[PDB]
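The block underneath contains the structure these notes are about, expressed in structure tokens.
Please note: Cβ atoms are built from the backbone with ideal geometry, for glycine as well, and neighbour counts cover all protein chains shown. Nothing in this text is a laboratory measurement; each read-out follows from the coordinates by a stated rule.
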Ligand SMILES: [Br-]
């Protein structure tokens, strides 16, 4: 069997109903390895899958982490994507990158804190004026909110509604919602490394890999073999989802 650590409520990646794109990928990976797929569901956000499940031996595979994540062994990358600007189409907006003068005329930015989006918002001096807006959207832990859910469809919706001038979101998180949007949206993928005046370049594009525990080297080899074998099916799922592939 292939025991896959997965979030029970983190669309579009995963849910207990197996409707997320990584749930589909897990099925492909298990089939290709001739194993029976067994999900191990977490009630926490997917960002905790590595530390609370995988590294505690509750399951053996995490479907998506950045290549080279120090905490784990990572497979050959099975795709690369990036953070992207998301804004209404047909409004004559010229937005290609973080140096676009258009961004300077905006005030409401739908972003995820702790992401490269935050680093760049500070860089262009819009972070402070956008803080209250961002905090009205993103959930944090409290006594009343022990399981802090991540909903990127909310951020896309803010652009559709016009409450956000623009969003800057990890594209795999946003892609299906940009497609199903009720008004036409543009999704422009950021440059790989965004320049900053004083700091260093801020990476906006990331290779994604399967993760296993660092000592699970034999499993890792089987995974790499399967990934190469199933590559067309894997890429097809990702493309169907609407994910920009770099
Ligand atoms: Br950029």
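Given the peptides 205-213, 150-158, arrange them by the average over their residues of other C-beta atoms within 10 Å, most packed first. Display every interim value, and only then the final one.
Numbers: 205-213: 21.9, 150-158: 19.3.
Most protected by this proxy first, the peptides run 205-213, 150-158.
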Peptides 130-137, 21-28 ordered by average Cβ neighbours within 10 Å, highest first
21-28, 130-137
Report the relative contact order of the stretch 81-203, percent, no decimals, based on alpha-carbon pairs under 8 angstrom and at least 6 residues apart.
43 percent
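Kindly provide the helix-only [θ] at 222 nm of the chain, computed as the sum of -39,500 (n - 2.57) over DSSP H runs of four or more divided by all residues, to the nearest 500 deg cm²/dmol?
Values: 9 runs with 80 residues, N = 246.
Estimated from H runs of four or more residues: -9000 deg cm²/dmol.
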Please work out the C-alpha center-to-center distance from the stretch 152-196 to the stretch 231-246 and express it in whole Å.
18 Å
Provide the packing ranking of 92-98, 41-47, 8-14, i.e. peptides ordered by the mean count of other C-beta atoms within 10 Å per residue, highest first.
8-14, 41-47, 92-98
Just the number, please: percent antiparallel of the DSSP beta bridges in the chain, rounded to the nearest 5.
70 percent
Which of rounded, prolate or oblate describes the stretch 6-79 when judged by the alpha-carbon gyration tensor and an a/c cut-off of 1.5?
rounded
Contact order normalised by length for the stretch 18-147, with contacts defined as Cα pairs under 8 Å and 6 or more residues apart; what percent is it?
15 percent
